Amino acid sequence: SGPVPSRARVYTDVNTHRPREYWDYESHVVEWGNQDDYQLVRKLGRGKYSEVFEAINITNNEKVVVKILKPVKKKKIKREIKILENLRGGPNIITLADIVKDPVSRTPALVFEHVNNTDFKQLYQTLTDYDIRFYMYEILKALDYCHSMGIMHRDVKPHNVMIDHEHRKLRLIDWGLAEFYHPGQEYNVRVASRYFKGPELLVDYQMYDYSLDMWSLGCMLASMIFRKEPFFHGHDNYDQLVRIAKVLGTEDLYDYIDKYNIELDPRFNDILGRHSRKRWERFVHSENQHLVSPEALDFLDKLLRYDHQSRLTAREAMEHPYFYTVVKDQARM
Ligand SMILES: Brc1c(Br)c(Br)c2[nH]nnc2c1Br
Ligand SMILES: [Cl-]
């Protein structure tokens, strides 16, 4: 019959206990500022929905980042804004400084407190064992926070992590795909980038939660420790699941299909095949063995699960042995 419902293991009802205004972003009223308070200096990047610039706030000569939004439905703009306002001041979350419109074109833009244009993809293939653990732990602070605040990011990838490596400092950015978690809500599966899409998205299971972000985290982690970019390298969304299947095995995949009574797209009938669950040692070689430990593999194994309910929560992840020396060094400092 229909697909079996799912609920988050943690932070399940947090939005329900909030005032409506917290999560009812469609009702949020934006007070739009004047973009002529800022002067654009140089282009930092391009996105699907946005042109990103370094700018100066004339009023105080502070450097900022201006994300000029390419046109899109007002609904999506309010969602990003409301989420950013709700998470402001949270650990390792990018800080929204201002919301503005160009007076002539009327194009909306978000102004963020300045952080370096060096995304994580630019150096996550060259880090030491300790630094991978350090920066992973820092990303986990952001995810545990946003999840505790009733929000899933849905676009966790190296490009959305800004690192100031000189200052051992990190910001989770681009909340334009993030959404509020509500028990029983069915969500859009066209989210995240191919290589970081969780199996729920790939088999069209809509009642997903915070655990989505933990799959993506696992994908990042595997890429870093095995020096393999990306770890799951699909040609498209169908072949993406096949890539996962060749590592995680088809047995746990079908058990997962059956548990949630998922109707599998028939394009998958021919291509998934039958594969054993592979031991992680298979991806260890001379150029990456220094980043790989029993702790790292145990942790990774507990992130990369078909069944979203089986994956570690961000808090559970932060308590894994992999981070013991990070936690000890943090208390010291
Ligand atoms: Br580059 C960059 C920076 Br810096 C920030 Br902050 C962004 N926020 N959304 N998209 C962003 C991009 Br692309
Ligand atoms: Cl990326």
Side-chain angles (χ1 to χ4, degrees), residues 25 28-124 126-127 131 134-135 138-139 141-143 145-146 149 151 153-179 193:
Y25 60 79
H28 186 59
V29 175
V30 180
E31 279 299 311
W32 295 96
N34 189 351
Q35 200 187 288
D36 296 346
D37 292 341
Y38 309 92
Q39 281 191 133
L40 306 186
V41 174
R42 62 194 187 84
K43 210 172 198 154
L44 290 183
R46 291 167 65 166
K48 181 171 195 184
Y49 312 95
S50 61
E51 301 138 354
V52 187
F53 300 89
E54 187 182 300
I56 295 170
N57 184 347
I58 306 155
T59 75
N60 61 11
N61 298 137
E62 290 299 301
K63 277 157 52 188
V64 297
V65 175
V66 179
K67 187 189 182 181
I68 297 178
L69 300 177
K70 290 167 180 169
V72 57
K73 315 218 172 202
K74 273 197 270 171
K75 185 181 164 191
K76 190 164 179 292
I77 291 163
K78 292 197 215 185
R79 193 180 69 189
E80 183 168 9
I81 286 169
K82 188 63 180 156
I83 284 167
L84 285 166
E85 293 188 348
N86 290 347
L87 305 173
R88 182 156 42 211
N92 304 333
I93 312 305
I94 197 74
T95 304
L96 180 73
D98 204 0
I99 304 149
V100 301
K101 269 174 169 173
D102 173 75
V104 176
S105 65
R106 310 299 300 161
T107 323
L110 306 179
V111 187
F112 297 94
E113 294 197 342
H114 183 268
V115 179
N116 283 25
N117 189 29
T118 50
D119 63 84
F120 197 45
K121 199 174 174 176
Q122 312 306 295
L123 66 99
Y124 83 147
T126 63
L127 290 156
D131 282 351
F134 185 84
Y135 290 123
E138 292 297 307
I139 294 161
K141 291 185 199 168
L143 297 178
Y145 188 71
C146 75
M149 297 295 281
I151 287 150
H153 188 277
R154 309 199 299 177
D155 200 27
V156 174
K157 56 183 190 183
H159 176 67
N160 291 337
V161 181
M162 293 299 156
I163 295 202
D164 189 333
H165 190 47
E166 183 178 9
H167 306 113
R168 294 186 85 68
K169 158 192 161 309
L170 177 143
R171 294 291 186 274
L172 183 49
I173 66 148
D174 199 353
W175 295 81
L177 287 181
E179 184 56 282
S193 308

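If you read the sequence from its start, that first residue is 1, and numbering goes on from there. Note: hydrogens, waters and symmetry copies are ignored here, and every other heavy atom, side chains too, is used.
We find the CZ-CZ distance between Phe134 and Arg168 to be 5.0 Å, quoted to the nearest 0.5 Å. Rounding to the nearest 0.5 Å gives a distance of 11.5 Å between SG of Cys146 and CG of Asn86. Rounding to the nearest 0.5 Å gives a distance of 12.0 Å between CG of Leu143 and CD1 of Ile151. Between the CE atom in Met162 and the NE2 atom in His114 there is a gap of 10.0 Å [rounded to 0.5 Å]. Taken to the nearest 0.5 Å, the NZ atom of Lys78 stands 10.5 Å off from the OH atom of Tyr25. Separating the CG atom in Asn160 from the CZ atom in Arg154 is a distance of 13.0 Å, to the nearest 0.5 Å.
The two residues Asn57 and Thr59 come nearest to each other via the heavy atoms OD1-OG1, 2.6 Å. Taking every heavy atom of both residues into account, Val161 and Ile173 meet most closely at N-CG1, 4.4 Å. Residue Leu87 comes nearest to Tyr145 through the heavy atom pair O-CE2, 3.8 Å, listed as atom of the first residue, atom of the second, then distance. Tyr124 and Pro158 make their closest contact through CE1-CG, 3.2 Å (heavy atoms, listed as atom of the first residue, atom of the second, distance). Of all the heavy atoms in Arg79 and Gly176, the pair that sits closest is NH2-O, 2.9 Å.
Using modelled atom types, one finds no donor on one side chain facing an acceptor on the other under 3.5 Å when comparing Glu179 with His153.
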> Should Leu69 and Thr107 be marked as a side-chain contact (heavy atoms from CB on, under 4.5 Å) after you check the CA-CA gap, both sets of side-chain angles, and the distance that decides it?
Replying inline: CA-CA 7 Å; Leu69 300 177; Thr107 323; 5.7 Å; no
> Does the side-chain contact (heavy atoms from CB on, under 4.5 Å) test come out yes or no for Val41 and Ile56, once each step is laid out?
Replying inline: CA-CA 7 Å; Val41 174; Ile56 295 170; 3.8 Å; yes
>> Please determine whether side-chain contact (heavy atoms from CB on, under 4.5 Å) holds for the pair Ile68 and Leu40, giving the CA-CA distance in whole Å, both sets of side-chain angles, and the decisive distance to 0.1 Å.
In response: CA-CA 11 Å; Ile68 297 178; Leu40 306 186; 4.0 Å; yes
>> Working note: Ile77 + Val72, criterion side-chain contact (heavy atoms from CB on, under 4.5 Å); need CA distance, chi angles, decisive distance, verdict.
In response: CA-CA 7 Å; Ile77 291 163; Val72 57; 3.8 Å; yes
Enumerate donor-acceptor pairs with a distance under 3.5 Å from any side-chain N or O in residues 88-100 to protein atoms, sequence neighbours excluded.
from, atom 1, to, atom 2, distance (Å)
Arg88, NH1, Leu96, O, 2.8
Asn92, ND2, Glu138, O, 2.8
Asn92, ND2, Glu138, OE1, 2.8
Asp98, OD2, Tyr38, OH, 2.7

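Using a 4.5 Å cut-off on side-chain heavy atoms (C-beta onward), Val65 and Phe53 make no contact. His165 has its side chain within reach of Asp131: a pair of non-hydrogen atoms, C-beta onward, lies under 4.5 Å apart. The shortest distance between side-chain heavy atoms of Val66 and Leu110 does not fall below 4.5 Å. Taking 4.5 Å as the limit, some side-chain heavy atom of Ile139 sits within range of a side-chain heavy atom of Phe120. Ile81 has its side chain within reach of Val30: a pair of non-hydrogen atoms, C-beta onward, lies under 4.5 Å apart.
Geometric assessment of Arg171 against the ring of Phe112 yields a negative cation-pi assignment under the 6.0 Å and 45° thresholds.
Side-chain atoms of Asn34 never come within 3.5 Å of backbone atoms of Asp37 as a donor-acceptor pair (strictly under, hydrogens ignored). Side-chain atoms of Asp102 come within 3.5 Å of backbone atoms of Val104 as a donor-acceptor pair (strictly under, hydrogens ignored). For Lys70 (side chain) and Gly47 (main-chain N/O), a donor-acceptor pair under 3.5 Å exists by modelled atom type. Formation of a donor-acceptor pair under 3.5 Å by the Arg106 side chain with backbone atoms of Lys101 is not found in this model.
Around atom NZ of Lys169, more than 12 heavy atoms belonging to other residues, nucleotides or ligands sit under 6.0 Å away. Annotation: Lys121, atom NZ; neighbour count of heavy atoms from other residues, nucleotides and ligands within 6.0 Å does not exceed 12.
Within the structure, side chain to side chain donor-acceptor pair (under 3.5 Å) pairs that include any residue of residues 44-55 comprise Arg42-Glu54 (at least two apart or interchain).
Take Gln122 and apply the side-chain hydrogen bond (donor to acceptor under 3.5 Å, both in side chains) test, not counting sequence neighbours, and it matches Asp119.
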